[PDB]
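**Student:**
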Amino acid sequence: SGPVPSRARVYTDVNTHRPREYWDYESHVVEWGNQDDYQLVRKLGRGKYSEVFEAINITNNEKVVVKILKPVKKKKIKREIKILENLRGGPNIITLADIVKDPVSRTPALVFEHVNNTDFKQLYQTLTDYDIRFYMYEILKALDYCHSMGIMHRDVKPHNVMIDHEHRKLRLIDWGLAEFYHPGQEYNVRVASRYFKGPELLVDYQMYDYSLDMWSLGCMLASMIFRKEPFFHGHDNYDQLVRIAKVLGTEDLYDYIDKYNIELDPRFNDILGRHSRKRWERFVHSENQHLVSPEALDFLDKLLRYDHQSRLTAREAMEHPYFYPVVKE
Ligand SMILES: Nc1ncnc2c1ncn2[C@@H]1O[C@H](COP(=O)(O)OP(=O)(O)NP(=O)(O)O)[C@@H](O)[C@H]1O
Ligand SMILES: [Cl-]
Ligand SMILES: [Mg+2]
Ligand SMILES: [Mg+2]
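Note that PDB author numbering has the sequence shown beginning at 2, numbered continuously upward.
(1) Residues around ligand 2, please: the ones whose beta-carbon is closer than 7 angstroms to some heavy atom of it, in chain order.
(2) Beta carbon of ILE174: closer than 8 angstroms to some heavy atom of ligand 3?
(3) Consult DSSP for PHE121 and reduce its assignment to one of helix, strand or coil.
(4) Tell whether a beta-carbon distance below 9 angstroms holds between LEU213 and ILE94.
(5) Report the rounded CA-to-CA distance for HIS286 versus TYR211, giving the unit in angstroms.
(6) Between the stretch 11 to 22 and the stretch 91 to 109, do at least 3 Cβ pairs fall closer than 8 angstroms?
(7) For ligand 1, any of its heavy atoms closer than 8 angstroms to the Cβ of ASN117?
(8) Cβ of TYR50 versus every heavy atom of ligand 5: is any distance shorter than 8 angstroms?
(9) By the DSSP assignment, the beta strand (DSSP E) with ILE164 in it spans what residues?
(10) Give me the Cα-Cα distance between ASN262 and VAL42, rounded to the nearest whole angstrom.
(11) Would you call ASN87 buried or exposed, if buried means 16 or more other Cβ atoms sit within 10 Å of its Cβ?
(12) I want to check one thing, is the minimum distance from the CB of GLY219 to the heavy atoms of ligand 3 below 8 angstroms?
(13) For the putative contact between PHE181 and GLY151, defined by C-beta atoms under 8 angstroms, what is the C-beta separation to the nearest angstrom?
(14) Do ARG306 and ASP253 have their C-beta atoms within less than 9 angstroms of each other?
(15) State the Cα-Cα distance for the pair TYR50 and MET163, rounded to the nearest angstrom.
(16) Using three-state DSSP, classify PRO4 as helix, strand or coil.
(17) Between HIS160 and ligand 3, is the CB less than 8 angstroms from at least one heavy atom?
(18) Buried or exposed, going by whether 16 or more other CB atoms sit within 10 Å of the CB of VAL105?
(19) Can you tell me where the beta strand (DSSP E) with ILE82 in it begins and where it stops?
(20) So what's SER51 in DSSP terms, helix, strand or just coil?
(21) Could you check the C-alpha separation between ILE272 and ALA56 for me, to the nearest Å?
(22) For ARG280, does the count of other Cβ atoms within 10 angstroms reach 16, so buried, or fall short, so exposed?
(23) Would you tell me roughly how many angstroms separate the C-alpha atoms of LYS229 and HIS321, rounded to the nearest one?
(24) Using three-state DSSP, classify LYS44 as helix, strand or coil.
(25) Using the three-state DSSP reduction, which class does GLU32 fall into: helix, strand or coil?
(26) Going straight from the alpha carbon of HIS115 to that of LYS170, what length do you get?
(27) What does DSSP give as the partner residues of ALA56 in its beta bridges?
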């Protein structure tokens, strides 16, 4: 029969109305600087795609961050570069300062504006009800901007959100999985972290859109207000959907699959079963009560939906009552 097609509710055709060069990143030509302008101070951690260092720009003694890219396809490098260049100047978006190459190993490296992020492992337990609202609103600014620019982040999670609590600055980072949205394109579903993967990724629905980022944001919010990280703690991609099913119920899930005529992997058959949609009060207790409110739960409910078309858009979210104390200030 074949899966039912899907289009984005908002910002659907923004890339079509732009010059080819804007989104055709394969044909983008990179202008390199010299990595001798920078000296590495210390490593700030690693990943599967890069090693990240704090560094100094010897030309003006300013602190920067160098992200040396582990050998991936040139395409994926040009993509991250083109997207960062397109998103430059945007609200709460990380700034790409320069692009360099090691003279010896010819390994490409990205230079970013420095951000002094206090670790979320120690931060998300020191945040007040307002702070959560405030920073969530900041991320939404970033998401709305990049979506309006025709870009899906596809990797929204606490590790990719750098926060300077002292100056109350927030920067969304890691755009290595980011991609341009085109109506009717079927994307790779194997992106983002397991705990933040949307249902469309778990059931292998390729024609997704910006709303994927909104699910991930809901997962973040849930873990923050309930003090449960991660909120959906699955053992793998299949048990991850099961973990979700025990909360959002199985009824809406099977309706979602039916609406888009999704072919569900035979492996899910025996492991999903039947589960009711739980009320959010179940996850509330004395430890997190001060962060939970009727508005917080109403907002959270509108992000965590199986149907990606049924989730709030970034702009809609910013207009939710949950952010009234932030907008008033
Ligand atoms: N601009 C920055 N300023 C300060 N620290 C940063 C900056 N960018 C990245 N980091 C740190 O480096 C880590 C990983 O950087 P990241 O850009 O996500 O590379 P990555 O390989 O794409 N990570 P991931 O794809 O999620 O496995 C982050 O968790 C931060 O701690
Ligand atoms: Cl149950
Ligand atoms: Mg990252
Ligand atoms: Mg990455």
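All residues carry an ideal CB built from backbone N, CA and C; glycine is no exception.
**Tutor:** Let me spell this out:
(1) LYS247, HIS276, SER277
(2) yes
(3) In the structure shown, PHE121 sits in a helix (DSSP, three-state: H, G or I).
(4) no
(5) 33 angstroms
(6) no
(7) yes
(8) Ligands present in the displayed structure are limited to ligand 1, ligand 2, ligand 3 and ligand 4, and ligand 5 is not among them.
(9) Unbroken beta strand (DSSP E) run through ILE164: 162 to 165.
(10) 53 angstroms
(11) buried
(12) At a cut-off of 8 angstroms, the beta-carbon of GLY219 does not count as near ligand 3: no heavy atom of the ligand is closer than that.
(13) 6 angstroms
(14) Remark: C-beta atoms of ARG306 and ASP253 approach each other more closely than 9 angstroms.
(15) 18 angstroms
(16) coil
(17) In this structure, the C-beta of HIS160 approaches ligand 3 to less than 8 angstroms from one of its heavy atoms.
(18) exposed
(19) Run containing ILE82: none in the beta strand (DSSP E); it sits in the alpha helix (DSSP H), 75 to 88.
(20) strand
(21) 49 angstroms
(22) exposed
(23) 23 angstroms
(24) In this structure, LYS44 counts as strand in the three-state DSSP scheme.
(25) coil
(26) Linking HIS115 to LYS170 through their CA atoms gives a straight-line distance of about 12 angstroms.
(27) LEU41, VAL65
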